[PDB]
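Report on the structure given below.
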2 protein chains.
Amino acid sequence: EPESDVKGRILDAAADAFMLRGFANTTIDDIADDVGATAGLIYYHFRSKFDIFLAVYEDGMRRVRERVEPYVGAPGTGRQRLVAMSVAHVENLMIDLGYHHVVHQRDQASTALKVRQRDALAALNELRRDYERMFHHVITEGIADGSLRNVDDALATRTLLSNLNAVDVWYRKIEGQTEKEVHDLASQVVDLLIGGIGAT
Amino acid sequence: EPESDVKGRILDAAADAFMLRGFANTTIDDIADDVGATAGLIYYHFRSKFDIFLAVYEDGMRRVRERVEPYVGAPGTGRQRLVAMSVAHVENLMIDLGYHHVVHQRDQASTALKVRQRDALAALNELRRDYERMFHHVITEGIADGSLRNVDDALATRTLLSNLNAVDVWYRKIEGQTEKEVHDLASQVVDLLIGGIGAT
Ligand SMILES: Nc1ncnc2c1ncn2[C@@H]1O[C@@H]2COP(=O)(O)O[C@H]2[C@H]1O
Ligand SMILES: Nc1ncnc2c1ncn2[C@@H]1O[C@@H]2COP(=O)(O)O[C@H]2[C@H]1O
């Protein structure tokens with residue numbers, strides 16, 4: 001098996017474990033069990049549980065950006081782009097739920113992080129801010145072009161992003177739910193966020 | 001000082017401490033420090049940190065219900081009632097943010113809870129479900145009366161509740177912000193959730 005494929009299975013297992021039990025209670029042994037190996041294989045690829053967390057965060061950010069970024073500068077009104085970006089964001093959340101949990105999962109901790117880990121975390125947090133700024137940019141454009149309501153752009157951006165991510169309060173993966181079924185659920189959610197619940 | 005007033009100060013301090021540091025890292029000493037007393041005063045009123053958590057949850061549920069319930073059966077369309085209920089919910093979140101954090105804050109824990117504590121927790125969780133069901137009832141009514149869009153009532157309820165609570169991602173209390181200023185911010189948030197961000 002290619003080493004990149006083994007790493008991917010580790011990240012998949014770790015993302016789901018961190019989601020299920022939380023970072024603090026997840027162990028390297030949990031992750032090893034879920035990929036069919038020993039702790040030694042995990043440590044060969046990642047030196048610590050926090051390094052695995054950082055790698056999950058990095059991969060989650062890459063995946064969501066690759067799904068959403070193509071729409072930001074595409075032809076269309078602000079609303080058309082915002083709908084496409086928002087559906088893609090929610091679809092990514094629904095497909096890669098464990099990665100989403102990590103991306104969105106304290107300064108006061110029991111042990112110090114390594115210097116390298118703190119630098120990597122800060123860079124990932126800035127990447128997440130850069131990603132969220134794409135929504136602010138499109139919302140500002142849509143307010144200006146009239147496809148969105150004349151509301152406060154900062155409040156609308158913070159509200160919309162919190163709402164897209166709040167799908168994680170209730171959504172759980174269902175085995176055998178199809179790609180279109182997940183896309184359709186994401187579309188229904190975004191229809192409520194952009195079109196509202198109130199009539200006319 | 002009346003004992004009920006001392007208890008209220010303890011709950012206020014604990015709600016803010018649990019918000020700031022989390023339940024696990026908060027200590028009885030933290031709470032004692034914040035009310036100007038010793039751990040002994042805290043233990044006189046509440047036997048354990050989890051008992052304080054339960055009392056915060058209970059008081060948070062009482063406060064939100066008292067603010068929101070009067071609207072559920074009041075005269076008005078489903079949308080009119082939903083707007084009033086939602087503004088009241090968000091205002092309660094903004095005013096009593098630490099209580100809100102507790103109400104919305106694992107089965108696998110390091111120590112067993114007392115029997116009495118597990119019973120109390122289960123009852124509080126059912127009270128929270130009863131509260132959220134008021135929104136489902138009004139959304140169903142508003143779909144039927146045409147004041148809300150013909151959308152799926154279960155999805156709309158889960159989405160709306162997650163969105164009302166997701167204000168906590170970005171909102172922080174500002175000292176000296178007035179009651180009307182907080183009410184107005186809550187109204188702006190609810191305007192986005194009910195009316196949508198998309199134009200016309
Ligand atoms: N993958 C999914 N597809 C469709 N509906 C879902 C999915 N995940 C969660 N839900 C809905 O969210 C609800 C949350 O509580 P329930 O498990 O009672 O029922 C759930 C479904 O109605
Ligand atoms: N109480 C509040 N009143 C008005 N705006 C707020 C309040 N709390 C948070 N915000 C907004 O939410 C933003 C979150 O990040 P900032 O602190 O950069 O700036 C904040 C404000 O724009």
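If you're wondering about the labels, chains in the structure tokens are A, B, ... by order shown, residues count from 1 in each chain, ligands from 1 in order shown.
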
Give the helix (DSSP H, G or I) residues of region 14-139 of chain A, as assigned by DSSP on the backbone, as a tab-separated table (two decimals) with N, CA, C and O atoms, in the first residue's frame.
chain	number	residue	atom	x	y	z
A	14	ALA	N	-8.71	8.98	12.38
A	14	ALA	CA	-8.53	9.94	13.45
A	14	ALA	C	-9.64	10.99	13.45
A	14	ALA	O	-10.14	11.37	14.51
A	15	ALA	N	-10.02	11.48	12.26
A	15	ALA	CA	-11.08	12.47	12.19
A	15	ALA	C	-12.36	11.94	12.81
A	15	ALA	O	-13.02	12.64	13.60
A	16	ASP	N	-12.69	10.69	12.52
A	16	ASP	CA	-13.91	10.10	13.07
A	16	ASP	C	-13.79	9.86	14.57
A	16	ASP	O	-14.74	10.08	15.32
A	17	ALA	N	-12.60	9.43	15.02
A	17	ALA	CA	-12.39	9.20	16.45
A	17	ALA	C	-12.45	10.50	17.24
A	17	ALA	O	-13.10	10.57	18.29
A	18	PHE	N	-11.80	11.56	16.75
A	18	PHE	CA	-11.85	12.84	17.44
A	18	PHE	C	-13.29	13.34	17.52
A	18	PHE	O	-13.71	13.91	18.54
A	19	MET	N	-14.06	13.15	16.44
A	19	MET	CA	-15.47	13.52	16.45
A	19	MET	C	-16.23	12.76	17.53
A	19	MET	O	-17.04	13.34	18.26
A	20	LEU	N	-16.01	11.44	17.61
A	20	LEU	CA	-16.84	10.58	18.44
A	20	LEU	C	-16.55	10.79	19.92
A	20	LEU	O	-17.47	10.91	20.73
A	21	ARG	N	-15.28	10.81	20.29
A	21	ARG	CA	-14.89	10.84	21.69
A	21	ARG	C	-14.27	12.15	22.12
A	21	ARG	O	-14.11	12.37	23.33
A	28	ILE	N	-3.83	7.12	20.61
A	28	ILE	CA	-3.17	6.55	19.44
A	28	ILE	C	-3.64	5.12	19.21
A	28	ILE	O	-3.85	4.70	18.07
A	29	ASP	N	-3.84	4.36	20.30
A	29	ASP	CA	-4.34	3.00	20.18
A	29	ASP	C	-5.71	2.95	19.51
A	29	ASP	O	-5.99	2.03	18.73
A	30	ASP	N	-6.60	3.91	19.82
A	30	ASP	CA	-7.90	3.97	19.15
A	30	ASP	C	-7.71	4.08	17.65
A	30	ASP	O	-8.39	3.40	16.87
A	31	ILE	N	-6.81	4.96	17.23
A	31	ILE	CA	-6.59	5.20	15.81
A	31	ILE	C	-5.95	3.98	15.16
A	31	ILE	O	-6.39	3.54	14.08
A	32	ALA	N	-4.94	3.41	15.82
A	32	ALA	CA	-4.32	2.17	15.33
A	32	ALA	C	-5.35	1.07	15.16
A	32	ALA	O	-5.38	0.39	14.13
A	33	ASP	N	-6.23	0.88	16.16
A	33	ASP	CA	-7.25	-0.17	16.05
A	33	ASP	C	-8.10	0.03	14.81
A	33	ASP	O	-8.47	-0.95	14.13
A	34	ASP	N	-8.45	1.28	14.51
A	34	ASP	CA	-9.40	1.57	13.45
A	34	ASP	C	-8.79	1.43	12.07
A	34	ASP	O	-9.53	1.24	11.10
A	35	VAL	N	-7.46	1.48	11.95
A	35	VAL	CA	-6.79	1.19	10.68
A	35	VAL	C	-6.21	-0.22	10.61
A	35	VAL	O	-5.56	-0.56	9.61
A	39	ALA	N	0.19	0.86	17.29
A	39	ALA	CA	0.61	2.24	17.52
A	39	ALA	C	1.88	2.57	16.76
A	39	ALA	O	2.04	3.71	16.29
A	40	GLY	N	2.77	1.59	16.60
A	40	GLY	CA	4.02	1.83	15.89
A	40	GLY	C	3.82	2.33	14.47
A	40	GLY	O	4.55	3.22	14.01
A	41	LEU	N	2.83	1.79	13.76
A	41	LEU	CA	2.56	2.30	12.42
A	41	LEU	C	2.10	3.75	12.47
A	41	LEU	O	2.50	4.57	11.64
A	42	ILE	N	1.25	4.09	13.45
A	42	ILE	CA	0.78	5.47	13.57
A	42	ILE	C	1.95	6.41	13.82
A	42	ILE	O	2.09	7.44	13.15
A	43	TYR	N	2.83	6.05	14.77
A	43	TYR	CA	3.96	6.91	15.11
A	43	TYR	C	4.95	7.04	13.96
A	43	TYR	O	5.66	8.05	13.87
A	44	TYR	N	5.03	6.04	13.07
A	44	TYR	CA	5.89	6.17	11.90
A	44	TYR	C	5.45	7.34	11.03
A	44	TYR	O	6.29	8.06	10.47
A	45	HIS	N	4.14	7.54	10.90
A	45	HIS	CA	3.60	8.56	10.02
A	45	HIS	C	3.34	9.89	10.72
A	45	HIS	O	3.42	10.94	10.07
A	49	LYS	N	-0.44	12.63	18.75
A	49	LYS	CA	-1.85	12.83	18.49
A	49	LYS	C	-2.12	14.24	17.97
A	49	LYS	O	-2.94	14.43	17.07
A	50	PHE	N	-1.42	15.25	18.51
A	50	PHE	CA	-1.66	16.61	18.01
A	50	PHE	C	-1.18	16.79	16.57
A	50	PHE	O	-1.79	17.55	15.81
A	51	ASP	N	-0.11	16.10	16.17
A	51	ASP	CA	0.31	16.15	14.78
A	51	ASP	C	-0.76	15.57	13.87
A	51	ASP	O	-0.96	16.05	12.74
A	52	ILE	N	-1.46	14.53	14.33
A	52	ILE	CA	-2.56	13.98	13.55
A	52	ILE	C	-3.69	15.00	13.44
A	52	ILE	O	-4.25	15.22	12.36
A	53	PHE	N	-4.03	15.65	14.56
A	53	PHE	CA	-5.02	16.72	14.53
A	53	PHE	C	-4.66	17.79	13.51
A	53	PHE	O	-5.50	18.20	12.69
A	54	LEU	N	-3.41	18.25	13.53
A	54	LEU	CA	-2.99	19.27	12.58
A	54	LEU	C	-3.13	18.79	11.15
A	54	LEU	O	-3.56	19.55	10.27
A	55	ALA	N	-2.80	17.53	10.88
A	55	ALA	CA	-2.89	16.99	9.53
A	55	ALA	C	-4.35	16.85	9.09
A	55	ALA	O	-4.66	17.03	7.90
A	56	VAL	N	-5.24	16.49	10.01
A	56	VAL	CA	-6.66	16.44	9.68
A	56	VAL	C	-7.16	17.84	9.34
A	56	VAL	O	-7.87	18.04	8.36
A	57	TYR	N	-6.79	18.82	10.17
A	57	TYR	CA	-7.20	20.21	9.93
A	57	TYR	C	-6.70	20.67	8.57
A	57	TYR	O	-7.45	21.24	7.77
A	58	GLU	N	-5.43	20.41	8.27
A	58	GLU	CA	-4.87	20.83	6.99
A	58	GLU	C	-5.63	20.20	5.82
A	58	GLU	O	-5.95	20.87	4.82
A	59	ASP	N	-5.93	18.90	5.92
A	59	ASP	CA	-6.59	18.22	4.81
A	59	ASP	C	-8.04	18.66	4.69
A	59	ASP	O	-8.56	18.80	3.58
A	60	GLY	N	-8.70	18.91	5.82
A	60	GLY	CA	-10.06	19.42	5.79
A	60	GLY	C	-10.15	20.78	5.13
A	60	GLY	O	-11.07	21.05	4.35
A	61	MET	N	-9.19	21.65	5.43
A	61	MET	CA	-9.15	22.98	4.81
A	61	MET	C	-8.89	22.88	3.32
A	61	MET	O	-9.50	23.61	2.53
A	62	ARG	N	-7.98	22.00	2.90
A	62	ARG	CA	-7.70	21.84	1.48
A	62	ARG	C	-8.95	21.38	0.74
A	62	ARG	O	-9.32	21.95	-0.30
A	63	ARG	N	-9.64	20.39	1.29
A	63	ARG	CA	-10.81	19.82	0.62
A	63	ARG	C	-11.92	20.85	0.48
A	63	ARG	O	-12.49	21.02	-0.60
A	64	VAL	N	-12.22	21.57	1.56
A	64	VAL	CA	-13.32	22.54	1.47
A	64	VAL	C	-12.96	23.67	0.50
A	64	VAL	O	-13.80	24.10	-0.30
A	65	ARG	N	-11.71	24.13	0.53
A	65	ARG	CA	-11.31	25.20	-0.38
A	65	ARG	C	-11.41	24.75	-1.83
A	65	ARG	O	-11.90	25.49	-2.69
A	66	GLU	N	-10.98	23.52	-2.12
A	66	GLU	CA	-11.05	23.03	-3.49
A	66	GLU	C	-12.48	22.93	-3.99
A	66	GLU	O	-12.73	23.08	-5.20
A	67	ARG	N	-13.43	22.67	-3.09
A	67	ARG	CA	-14.83	22.56	-3.49
A	67	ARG	C	-15.49	23.93	-3.66
A	67	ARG	O	-16.38	24.08	-4.51
A	68	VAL	N	-15.07	24.92	-2.89
A	68	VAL	CA	-15.79	26.19	-2.78
A	68	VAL	C	-15.13	27.30	-3.59
A	68	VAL	O	-15.82	28.10	-4.23
A	69	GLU	N	-13.80	27.37	-3.57
A	69	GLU	CA	-13.09	28.46	-4.24
A	69	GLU	C	-13.44	28.65	-5.71
A	69	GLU	O	-13.48	29.81	-6.15
A	70	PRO	N	-13.69	27.61	-6.52
A	70	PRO	CA	-14.00	27.86	-7.94
A	70	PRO	C	-15.19	28.77	-8.17
A	70	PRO	O	-15.30	29.38	-9.24
A	71	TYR	N	-16.07	28.92	-7.20
A	71	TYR	CA	-17.27	29.73	-7.38
A	71	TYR	C	-17.06	31.20	-7.05
A	71	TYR	O	-17.86	32.03	-7.50
A	78	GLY	N	-23.78	38.02	-6.90
A	78	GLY	CA	-23.37	37.62	-5.57
A	78	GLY	C	-24.22	36.50	-5.00
A	78	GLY	O	-23.70	35.55	-4.42
A	79	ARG	N	-25.54	36.59	-5.18
A	79	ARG	CA	-26.42	35.53	-4.66
A	79	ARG	C	-26.16	34.20	-5.37
A	79	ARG	O	-26.11	33.15	-4.72
A	80	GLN	N	-26.00	34.21	-6.69
A	80	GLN	CA	-25.77	32.95	-7.39
A	80	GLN	C	-24.49	32.29	-6.90
A	80	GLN	O	-24.47	31.08	-6.63
A	81	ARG	N	-23.43	33.08	-6.77
A	81	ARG	CA	-22.17	32.53	-6.27
A	81	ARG	C	-22.29	32.08	-4.83
A	81	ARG	O	-21.78	31.00	-4.48
A	82	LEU	N	-22.97	32.87	-3.98
A	82	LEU	CA	-23.13	32.52	-2.57
A	82	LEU	C	-23.88	31.20	-2.41
A	82	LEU	O	-23.53	30.38	-1.55
A	83	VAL	N	-24.91	30.98	-3.22
A	83	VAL	CA	-25.66	29.73	-3.14
A	83	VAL	C	-24.75	28.56	-3.49
A	83	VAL	O	-24.70	27.56	-2.76
A	84	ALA	N	-24.01	28.67	-4.59
A	84	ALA	CA	-23.13	27.59	-5.00
A	84	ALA	C	-22.04	27.32	-3.97
A	84	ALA	O	-21.76	26.16	-3.65
A	85	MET	N	-21.44	28.38	-3.42
A	85	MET	CA	-20.41	28.24	-2.38
A	85	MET	C	-21.00	27.59	-1.14
A	85	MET	O	-20.35	26.73	-0.52
A	86	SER	N	-22.21	28.00	-0.75
A	86	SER	CA	-22.80	27.51	0.48
A	86	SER	C	-23.20	26.04	0.35
A	86	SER	O	-23.01	25.25	1.28
A	87	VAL	N	-23.80	25.67	-0.78
A	87	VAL	CA	-24.11	24.26	-1.00
A	87	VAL	C	-22.84	23.42	-0.95
A	87	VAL	O	-22.80	22.36	-0.31
A	88	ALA	N	-21.77	23.89	-1.61
A	88	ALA	CA	-20.52	23.14	-1.61
A	88	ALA	C	-19.95	23.02	-0.20
A	88	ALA	O	-19.45	21.95	0.19
A	89	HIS	N	-20.05	24.09	0.59
A	89	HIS	CA	-19.57	24.03	1.97
A	89	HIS	C	-20.34	22.99	2.76
A	89	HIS	O	-19.76	22.18	3.49
A	90	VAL	N	-21.67	23.01	2.65
A	90	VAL	CA	-22.48	22.07	3.43
A	90	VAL	C	-22.30	20.64	2.93
A	90	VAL	O	-22.25	19.69	3.73
A	91	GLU	N	-22.20	20.46	1.62
A	91	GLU	CA	-21.90	19.12	1.09
A	91	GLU	C	-20.58	18.61	1.64
A	91	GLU	O	-20.48	17.45	2.02
A	92	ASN	N	-19.56	19.46	1.66
A	92	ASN	CA	-18.28	19.04	2.22
A	92	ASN	C	-18.42	18.63	3.69
A	92	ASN	O	-17.82	17.65	4.13
A	93	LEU	N	-19.23	19.38	4.45
A	93	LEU	CA	-19.47	19.07	5.85
A	93	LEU	C	-20.13	17.70	5.99
A	93	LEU	O	-19.76	16.91	6.87
A	94	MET	N	-21.11	17.41	5.13
A	94	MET	CA	-21.90	16.20	5.20
A	94	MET	C	-21.07	15.00	4.77
A	94	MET	O	-21.23	13.90	5.32
A	95	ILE	N	-20.17	15.18	3.79
A	95	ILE	CA	-19.38	14.08	3.27
A	95	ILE	C	-18.21	13.78	4.18
A	95	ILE	O	-17.89	12.62	4.45
A	97	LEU	N	-17.58	14.74	7.54
A	97	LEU	CA	-18.04	15.31	8.80
A	97	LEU	C	-16.96	15.34	9.87
A	97	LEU	O	-16.85	16.31	10.63
A	98	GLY	N	-16.16	14.26	9.97
A	98	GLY	CA	-15.10	14.23	10.97
A	98	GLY	C	-14.04	15.29	10.72
A	98	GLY	O	-13.56	15.94	11.67
A	99	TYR	N	-13.68	15.50	9.45
A	99	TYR	CA	-12.74	16.58	9.12
A	99	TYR	C	-13.32	17.93	9.51
A	99	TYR	O	-12.62	18.79	10.07
A	100	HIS	N	-14.61	18.13	9.24
A	100	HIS	CA	-15.25	19.39	9.60
A	100	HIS	C	-15.19	19.61	11.10
A	100	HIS	O	-14.94	20.74	11.56
A	101	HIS	N	-15.43	18.56	11.88
A	101	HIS	CA	-15.37	18.70	13.33
A	101	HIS	C	-14.00	19.19	13.77
A	101	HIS	O	-13.91	20.11	14.59
A	102	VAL	N	-12.94	18.63	13.21
A	102	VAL	CA	-11.59	19.04	13.60
A	102	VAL	C	-11.33	20.49	13.22
A	102	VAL	O	-10.80	21.27	14.02
A	103	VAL	N	-11.70	20.88	11.99
A	103	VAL	CA	-11.45	22.24	11.52
A	103	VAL	C	-12.08	23.27	12.44
A	103	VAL	O	-11.54	24.37	12.61
A	104	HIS	N	-13.21	22.93	13.06
A	104	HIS	CA	-13.98	23.88	13.85
A	104	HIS	C	-13.88	23.61	15.35
A	104	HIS	O	-14.55	24.29	16.14
A	115	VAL	N	6.98	23.91	19.54
A	115	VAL	CA	7.07	25.17	18.80
A	115	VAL	C	6.52	25.00	17.38
A	115	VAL	O	5.72	25.81	16.90
A	116	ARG	N	6.93	23.93	16.72
A	116	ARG	CA	6.50	23.68	15.35
A	116	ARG	C	4.99	23.54	15.28
A	116	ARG	O	4.36	24.00	14.32
A	117	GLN	N	4.39	22.90	16.29
A	117	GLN	CA	2.95	22.69	16.29
A	117	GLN	C	2.19	24.00	16.46
A	117	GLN	O	1.15	24.21	15.82
A	118	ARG	N	2.71	24.90	17.31
A	118	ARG	CA	2.03	26.18	17.48
A	118	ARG	C	2.08	27.00	16.20
A	118	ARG	O	1.08	27.63	15.83
A	119	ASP	N	3.22	26.99	15.51
A	119	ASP	CA	3.32	27.68	14.23
A	119	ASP	C	2.35	27.10	13.22
A	119	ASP	O	1.69	27.85	12.49
A	120	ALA	N	2.27	25.77	13.15
A	120	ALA	CA	1.37	25.14	12.19
A	120	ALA	C	-0.08	25.47	12.51
A	120	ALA	O	-0.89	25.72	11.60
A	121	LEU	N	-0.43	25.45	13.79
A	121	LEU	CA	-1.81	25.78	14.18
A	121	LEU	C	-2.17	27.21	13.79
A	121	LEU	O	-3.24	27.45	13.23
A	122	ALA	N	-1.27	28.16	14.05
A	122	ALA	CA	-1.53	29.55	13.71
A	122	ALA	C	-1.74	29.71	12.21
A	122	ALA	O	-2.63	30.44	11.77
A	123	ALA	N	-0.92	29.02	11.40
A	123	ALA	CA	-1.07	29.11	9.95
A	123	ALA	C	-2.40	28.54	9.48
A	123	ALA	O	-3.05	29.08	8.57
A	124	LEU	N	-2.81	27.41	10.07
A	124	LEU	CA	-4.11	26.81	9.72
A	124	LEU	C	-5.26	27.72	10.11
A	124	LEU	O	-6.20	27.91	9.32
A	125	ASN	N	-5.18	28.34	11.29
A	125	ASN	CA	-6.23	29.28	11.68
A	125	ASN	C	-6.31	30.45	10.70
A	125	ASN	O	-7.41	30.91	10.36
A	126	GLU	N	-5.17	30.94	10.21
A	126	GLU	CA	-5.21	32.01	9.21
A	126	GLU	C	-5.81	31.52	7.90
A	126	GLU	O	-6.54	32.26	7.23
A	127	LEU	N	-5.49	30.28	7.50
A	127	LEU	CA	-6.11	29.72	6.30
A	127	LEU	C	-7.62	29.63	6.46
A	127	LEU	O	-8.37	29.90	5.51
A	128	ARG	N	-8.09	29.29	7.66
A	128	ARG	CA	-9.53	29.22	7.88
A	128	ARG	C	-10.16	30.61	7.78
A	128	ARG	O	-11.22	30.78	7.18
A	129	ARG	N	-9.48	31.63	8.32
A	129	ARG	CA	-9.96	33.00	8.16
A	129	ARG	C	-9.98	33.42	6.69
A	129	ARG	O	-10.91	34.10	6.24
A	130	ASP	N	-8.95	33.02	5.92
A	130	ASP	CA	-8.94	33.35	4.50
A	130	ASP	C	-10.11	32.71	3.79
A	130	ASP	O	-10.72	33.32	2.91
A	131	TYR	N	-10.42	31.46	4.14
A	131	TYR	CA	-11.55	30.78	3.53
A	131	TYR	C	-12.85	31.50	3.84
A	131	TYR	O	-13.68	31.76	2.96
A	132	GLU	N	-13.06	31.83	5.11
A	132	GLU	CA	-14.30	32.50	5.48
A	132	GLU	C	-14.43	33.87	4.84
A	132	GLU	O	-15.54	34.33	4.55
A	133	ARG	N	-13.30	34.53	4.57
A	133	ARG	CA	-13.35	35.84	3.92
A	133	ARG	C	-13.91	35.76	2.50
A	133	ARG	O	-14.46	36.76	2.00
A	134	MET	N	-13.80	34.60	1.84
A	134	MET	CA	-14.43	34.50	0.52
A	134	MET	C	-15.93	34.71	0.59
A	134	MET	O	-16.52	35.33	-0.30
A	135	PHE	N	-16.56	34.23	1.66
A	135	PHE	CA	-17.99	34.47	1.84
A	135	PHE	C	-18.28	35.94	2.10
A	135	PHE	O	-19.25	36.49	1.57
A	136	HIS	N	-17.44	36.60	2.91
A	136	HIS	CA	-17.63	38.04	3.12
A	136	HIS	C	-17.53	38.79	1.81
A	136	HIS	O	-18.34	39.68	1.53
A	137	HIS	N	-16.55	38.43	0.98
A	137	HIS	CA	-16.36	39.15	-0.28
A	137	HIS	C	-17.59	39.00	-1.17
A	137	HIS	O	-18.09	39.99	-1.73
A	138	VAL	N	-18.12	37.78	-1.28
A	138	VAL	CA	-19.28	37.56	-2.16
A	138	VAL	C	-20.54	38.20	-1.58
A	138	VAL	O	-21.38	38.72	-2.32
A	139	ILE	N	-20.70	38.17	-0.25
A	139	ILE	CA	-21.85	38.84	0.35
A	139	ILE	C	-21.81	40.34	0.10
A	139	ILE	O	-22.81	40.96	-0.27

**Item:** Expected selection as number ranges by chain for ligand 1 within 8 Å, only C-alpha atoms and all ligand atoms
**Value:** A: 94, 170-174, 177, 181-182, 185; B: 154-155, 158

What would the file look like if the residues just selected were written as a short mmCIF file (atom, residue, chain, number, x, y, z; two decimals), in the first residue's frame with N, CA, C and O atoms?
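File written: part-v6.cif
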data_model
loop_
_atom_site.label_atom_id
_atom_site.label_comp_id
_atom_site.auth_asym_id
_atom_site.auth_seq_id
_atom_site.Cartn_x
_atom_site.Cartn_y
_atom_site.Cartn_z
N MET A 94 -21.11 17.41 5.13
CA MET A 94 -21.90 16.20 5.20
C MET A 94 -21.07 15.00 4.77
O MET A 94 -21.23 13.90 5.32
N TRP A 170 -27.11 18.62 14.09
CA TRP A 170 -28.10 17.58 13.88
C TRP A 170 -27.72 16.56 12.82
O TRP A 170 -28.25 15.45 12.85
N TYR A 171 -26.84 16.90 11.88
CA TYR A 171 -26.58 15.99 10.78
C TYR A 171 -25.70 14.83 11.23
O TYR A 171 -24.70 15.02 11.94
N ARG A 172 -26.06 13.63 10.79
CA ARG A 172 -25.21 12.46 10.95
C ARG A 172 -25.18 11.72 9.62
O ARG A 172 -26.16 11.71 8.88
N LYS A 173 -24.04 11.13 9.31
CA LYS A 173 -23.93 10.35 8.08
C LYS A 173 -24.83 9.12 8.16
O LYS A 173 -24.91 8.46 9.20
N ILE A 174 -25.52 8.83 7.06
CA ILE A 174 -26.31 7.62 6.93
C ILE A 174 -25.64 6.74 5.89
O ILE A 174 -25.39 7.19 4.76
N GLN A 177 -26.56 6.50 1.94
CA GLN A 177 -27.17 7.69 1.38
C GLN A 177 -26.35 8.11 0.16
O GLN A 177 -25.12 8.16 0.23
N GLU A 181 -28.47 12.41 -2.91
CA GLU A 181 -29.27 12.60 -1.70
C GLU A 181 -28.59 13.57 -0.74
O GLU A 181 -29.26 14.43 -0.14
N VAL A 182 -27.27 13.46 -0.58
CA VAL A 182 -26.55 14.40 0.27
C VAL A 182 -26.55 15.79 -0.34
O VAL A 182 -26.83 16.79 0.34
N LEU A 185 -29.99 17.33 0.24
CA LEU A 185 -30.17 17.82 1.60
C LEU A 185 -29.42 19.13 1.82
O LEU A 185 -29.95 20.09 2.40
N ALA B 154 -39.73 19.74 9.77
CA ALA B 154 -38.70 19.20 10.65
C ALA B 154 -37.34 19.80 10.33
O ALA B 154 -36.61 20.23 11.23
N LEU B 155 -36.99 19.85 9.04
CA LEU B 155 -35.72 20.46 8.66
C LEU B 155 -35.70 21.94 9.03
O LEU B 155 -34.70 22.44 9.55
N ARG B 158 -35.12 22.24 12.87
CA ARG B 158 -33.75 21.92 13.26
C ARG B 158 -32.78 22.99 12.79
O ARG B 158 -31.87 23.37 13.52
#

**Prompt:** By how many Å are CA of residue 150 (chain B) and CA of residue 147 (chain A) apart?
**Reply:**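 Rounded to one decimal, the two atoms are 22.1 Å apart.
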
Give the residues of chain B that lie within 7 Å of chain A; count only C-alpha atoms, and format the answer as a short mmCIF file (atom, residue, chain, number, x, y, z; two decimals) with N, CA, C and O atoms, in the first residue's frame.
data_model
loop_
_atom_site.label_atom_id
_atom_site.label_comp_id
_atom_site.auth_asym_id
_atom_site.auth_seq_id
_atom_site.Cartn_x
_atom_site.Cartn_y
_atom_site.Cartn_z
N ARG B 79 -45.65 33.03 11.47
CA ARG B 79 -44.46 33.85 11.30
C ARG B 79 -44.36 34.94 12.37
O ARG B 79 -43.28 35.18 12.92
N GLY B 146 -49.60 29.70 5.75
CA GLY B 146 -49.02 30.40 4.63
C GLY B 146 -48.12 31.56 4.97
O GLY B 146 -47.58 32.19 4.06
N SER B 147 -47.93 31.86 6.26
CA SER B 147 -47.01 32.94 6.60
C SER B 147 -45.56 32.51 6.50
O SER B 147 -44.68 33.38 6.42
N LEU B 148 -45.28 31.21 6.51
CA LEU B 148 -43.97 30.65 6.25
C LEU B 148 -44.00 29.92 4.91
O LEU B 148 -45.06 29.52 4.43
N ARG B 149 -42.82 29.77 4.31
CA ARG B 149 -42.70 29.07 3.04
C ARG B 149 -43.06 27.60 3.21
O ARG B 149 -42.94 27.02 4.29
N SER B 162 -30.74 25.54 15.38
CA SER B 162 -29.29 25.54 15.33
C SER B 162 -28.77 26.94 15.03
O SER B 162 -27.74 27.36 15.57
N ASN B 163 -29.50 27.68 14.20
CA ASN B 163 -29.06 29.02 13.81
C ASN B 163 -29.23 30.02 14.95
O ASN B 163 -28.38 30.90 15.14
N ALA B 166 -26.44 29.34 17.24
CA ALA B 166 -25.12 29.57 16.65
C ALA B 166 -24.68 31.02 16.76
O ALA B 166 -23.52 31.33 16.44
N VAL B 169 -21.32 31.60 18.44
CA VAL B 169 -20.01 31.45 17.80
C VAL B 169 -19.27 32.77 17.80
O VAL B 169 -18.04 32.82 17.93
N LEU B 193 -32.49 35.38 9.62
CA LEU B 193 -32.89 33.97 9.65
C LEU B 193 -34.28 33.77 9.06
O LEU B 193 -34.52 32.80 8.33
N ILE B 194 -35.21 34.66 9.36
CA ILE B 194 -36.58 34.50 8.88
C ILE B 194 -36.76 35.06 7.48
O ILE B 194 -37.42 34.45 6.63
N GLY B 195 -36.23 36.25 7.22
CA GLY B 195 -36.38 36.86 5.91
C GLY B 195 -35.38 36.39 4.88
O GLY B 195 -35.59 36.62 3.68
N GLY B 196 -34.28 35.78 5.30
CA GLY B 196 -33.26 35.35 4.37
C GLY B 196 -32.27 36.45 4.04
O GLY B 196 -32.44 37.62 4.38
N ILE B 197 -31.19 36.05 3.39
CA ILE B 197 -30.22 37.02 2.88
C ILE B 197 -30.50 37.38 1.42
O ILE B 197 -30.13 38.48 0.98
N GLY B 198 -31.15 36.49 0.68
CA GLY B 198 -31.43 36.76 -0.72
C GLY B 198 -32.51 37.81 -0.88
O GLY B 198 -33.44 37.92 -0.08
N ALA B 199 -32.37 38.61 -1.93
CA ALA B 199 -33.31 39.69 -2.19
C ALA B 199 -34.61 39.16 -2.77
O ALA B 199 -34.66 38.08 -3.37
#

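CA of residue 75 (chain B) lies 22.9 Å from CA of residue 184 (chain B).
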
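CA of residue 24 (chain B) to atom 17 (O, counted along the ligand's line) of ligand 2 spans 25.8 Å [interatomic distance, one decimal].
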